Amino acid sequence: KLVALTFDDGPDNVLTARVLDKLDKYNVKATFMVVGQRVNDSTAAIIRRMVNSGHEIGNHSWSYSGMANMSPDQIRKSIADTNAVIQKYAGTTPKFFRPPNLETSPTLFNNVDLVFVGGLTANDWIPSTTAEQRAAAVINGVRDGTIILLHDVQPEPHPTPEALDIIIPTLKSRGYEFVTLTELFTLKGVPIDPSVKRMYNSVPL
């Protein structure tokens, strides 16, 4: 039984390191869907720390704008510029894309050559919700193959790192193992094929 823990909306040197510290504590791998505007010399080391620690990096666009109604040139620029900064500091190229706001269109699918991922959400962008509530949303929603969509970066209070102290032990005790997105596809025997123009919330579709 496999799940993929994924985190949007960083990197942030302070908030992302809180998530990375919990993943180090439990020796778990995850995937970070990063925003190009945030990837720069100040955040180079923490982006590299993801790679160094066995995590994967995917693309969450240059910024925080929905992309469904953008033009092909706007889409291409946003994805390419984000890939270029990830390559500079991480030395890797994304295979996966998470659309801002999970909003898609045929034009967006047509102009992004990455595998689109969504996933099970946990209301963890709502500061009034507690660590325990965020954990309960995840634990009760997963199944074998689920992609879990959390945020490493949001306005505070943001007790997502604290939710991991419940999510990770609970799911392990139920027989789950945590994997990156690439590992999830590979271990399930699903080609990571960007010509598939569907959004994956789990693997297999």
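In this text, residue numbers run from 1 along the sequence as written.
A.B. asks: Take the C-alpha B-factors listed in the entry for 152-160 and for 173-181, compute each mean, and give the stretch with the larger one.
C.D. replies: Taking the mean B-factor of the alpha carbons in each, 173-181 is higher.
A.B. asks: Decide which of the stretches 102-110 and 75-83 has the higher mean C-alpha B-factor, going by the entry.
C.D. replies: Looking at the recorded C-alpha B-factors, 102-110 comes out higher on average.
A.B. asks: Whose C-alpha has the highest temperature factor in the PDB entry: 28, 51, 67, 34?
C.D. replies: Highest C-alpha B-factor among the listed options: 28.
A.B. asks: What third of the chain does residue 56 rank in for C-alpha temperature factor, lowest, middle or highest?
C.D. replies: Its C-alpha B-factor, which the entry lists for residue 56, ranks in the lowest third among residues of this chain.
A.B. asks: Ordered by C-alpha B-factor within the chain, which third holds residue 23? Give me lowest, middle or highest, please.
C.D. replies: It falls in the middle third of the chain.
A.B. asks: Within this chain's modelled residues, let me know which third the CA B factor of residue 123 belongs to: lowest, middle or highest.
C.D. replies: Its C-alpha B-factor, which the entry lists for residue 123, ranks in the lowest third among residues of this chain.
A.B. asks: Taking the entry's C-alpha B-factors for this chain, is residue 138 in the lowest, middle or highest third?
C.D. replies: Tercile = lowest for this residue's CA B-factor.
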